[PDB]
Each structure stands twice: as C-alpha cells, then as structure tokens.
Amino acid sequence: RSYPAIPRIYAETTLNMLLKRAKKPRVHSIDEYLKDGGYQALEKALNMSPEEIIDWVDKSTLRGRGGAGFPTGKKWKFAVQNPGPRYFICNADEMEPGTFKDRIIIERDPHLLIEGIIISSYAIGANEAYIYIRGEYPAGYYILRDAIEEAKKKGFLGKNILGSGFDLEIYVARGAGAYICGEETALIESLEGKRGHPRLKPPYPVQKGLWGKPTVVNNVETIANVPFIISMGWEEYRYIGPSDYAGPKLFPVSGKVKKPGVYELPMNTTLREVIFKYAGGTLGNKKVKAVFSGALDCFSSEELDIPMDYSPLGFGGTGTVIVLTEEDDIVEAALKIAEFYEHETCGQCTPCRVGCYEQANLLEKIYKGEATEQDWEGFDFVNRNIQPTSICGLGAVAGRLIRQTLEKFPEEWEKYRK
C-alpha cells in the first residue's frame, strides 16, 4: 500500500549484509526477501535446539548495537536460567541525536528484523514478542504491521510455525515522544500502559521485565544480525571485522560531511576512515574540530585514529558520528546537548530532574553572555552533580559530553567566561 513520506537517507555497505537490500531506499516486501534466501535461517534455526542457537549467538561475539555493547548471547543465557513465560522485546525507540541507523532496517528490509525476532524469541522460549517503535516513525510502524501480516500469510508467525510446535505473535507498540522510553525498563513500563519511568536495576529485565517475567530487550540492529549468525554459522560470522568485535556495524554519519548517511562497515574501521574514506571528508574540506557520539561522547581531532568497536579505547556507543568543523561553536553545540537532556529527564531522581534543567538554563545564560560569576560556578557544579542517586543511564551521562567539551576545548569556553 501507500506509506508516509520518508527522506531518502544515503546508505553504503562494504559487507552487503544488513544493507544488502536496505542500501536501496524503498520497502522490500516478503517476495524480494524470499528471493534473496530470506527465512531460510529461521527454517535452519527451528531444526536446532534453543540452547544451540544461544551458543552460536554467544560464540558470534555479537554485542548490543543499542549502544552499551552488552554481549547478546550472555544476556539470553541470563533470561533462560529464570522460569517462564519469557518475553522478547525489539527496542525500535531510536531517539539519540544523530542516530538513524535502525530506521533504514525497519523501513527498507523489515523481514530481516522480523526473521531476527522470530529466531531470538525461539532461542529464549518467548511465545510473545514486541516491537516498541518511537511515535515519530509512523511509516516504520505501518511498514512493520504490513510486513508482520506478510510473515503470518507465509506461516513464519502464528501457532506451530512450520510444524516446529513453536508459537509466536509479534505486537507493534508506538512511543509518543519520550526519549526515556528507549531505556529498557521505561520501555517495559510504556508497554504496560504507564508513563516511561525507568525501574531500579537490578533486577535487570532478564530476571524481572514485562509483567515481572524474564524479558530480553534487544536493539533493532542487534536482532538484524541473528539471521546472518544462523545462516553463516558463528565461525564464518567471526571472519567479519576483528574476531573480538565481529560482524557488520551501521554507522549513521551526519553534520559537516560530503556524504551524510548510514555506512555498513567492520568495527576495525577507524573514525578517520568513516569520515574521510567513506563519508567523503568534510564540507569545504574544513578541519574536523569534534565528533559528537550522539549525546554521549565528544571526541577531538586528536582522537580520530580510534577503532569503531566496543573496546575500552574504541568509539563504542551507537556508532553515531556527528562531525563539527573548525568554524562550529563548541559552546553553541553543548547548549543543544543540554537542551536535549532538559527536555527528556523523567524527573523521578532529584539531581537528574534539577540538574538537566539547571545545566540547560545556565548554559543558555553563558551562551547569551547574560551569566553572572555565580551562574558560571553554578553551571560547573550542576554539570558534575546530575549523576548522583540516578536509577538510569540518562542521569548517569547528562553531563558527560559537555564535561568533555570543557576539558578538550577550554580556550573556546574561556572566550565565553569573559
């Protein structure tokens, strides 16, 4: 049928896996997916034990593509040591600034995600799976609902899938504008019909999740890897990129590059290579000043030779690369990051509620040259004191990127201090 208008985000791949079809900016329906050998990995998976599938996903070195990079197999193993029923949740909230990697899988190759969900659900013994897609992805929502009907039609969903005795329904839930609803416990609260308030962890969802039951939450891009792991075997999958951080990775690249878009590359690719080898270098061939890893980290031009992997010295995060060049004001950019966290704190934790607000409100005064000496000292203090008593990652990192700009671009901040 007809879907809402979607901008045609550029997509390029060196691996031809996640983006084999999604490199073309249009919906690939079940026939095209089947033509490329789609749903054969599901047929293979259903002739394996759930435990075998977990073992392959473990040995694959697949890490959470949501941004934390938690080992996916090890998450599943924690879930299955707890009695059922169990739930599988696909996190499609994708609301990090600069981050548009998951939507191109959803909107262009939805059956890659659906096949991943069915295999993962079977591996953990979940008969009920959810996609939680952000409200601002209405096309993604309608495309997934249509795709799910296609899968049902072909007998990949419903009861007794392909005579396996395995039952699965996939329910598509929509967000309604809250970044925090991407936090796995806030997501689950939203699925339960409530406000997106994160829960104290532990327990982690794999112990106590949806309706208090063992629940695996995985990112769109994580799940999209599962069909490849089963199809190729974990061994062949480990041939892709470095053996310790293996498999394809999507890199959404934006700001001051000639070729902004999503790049499928191995995680041994360096940040410099992403910008200059793949994204066509900078607009006007201007010097890179900084790279914002979404709203999480700020890397200086001295940090471009780092691997795009989940290693301690790696880029990590979502793989999100926002490029700022020599004429971009770092304090102006820090203000946009502060404004983001101000708008998105859920307010359960006091230092997060007041800290996100005050960090933005004071940094606006600093930017407009209306800050008192007290406001300056205030801004520094609140930036270092958003984290205390926080029960989720938003409070933990709301000051992180901005602190890194203060440390890495002091001369620029000092200009504002006068």
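Residue indices: 1-based, along the sequence shown.
For the pair 148 to 156 and 102 to 110, the mean Cα B-factor is higher in 148 to 156. Look at the mean CA B-factor for 253 to 261 and for 159 to 167 in the entry; the higher one is 159 to 167. In the PDB entry, the Cα temperature factor peaks, among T345, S231, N91, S121, at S231. In the PDB entry, the Cα temperature factor peaks, among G66, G393, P50, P351, at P50. Ranked within its chain, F379 lands in the middle third, by CA B factor from the PDB record.
Among the modelled residues of the chain, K408 sits in the highest third by CA temperature factor in this PDB entry. Ranked against the other modelled residues of its chain, the C-alpha B-factor of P97 as given in the entry falls in the lowest third. Among the modelled residues of its chain, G355 has a C-alpha B-factor that falls in the lowest third, as given in the PDB entry. Sort the chain's modelled residues by C-alpha temperature factor and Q81 lands in the highest third, per the entry.
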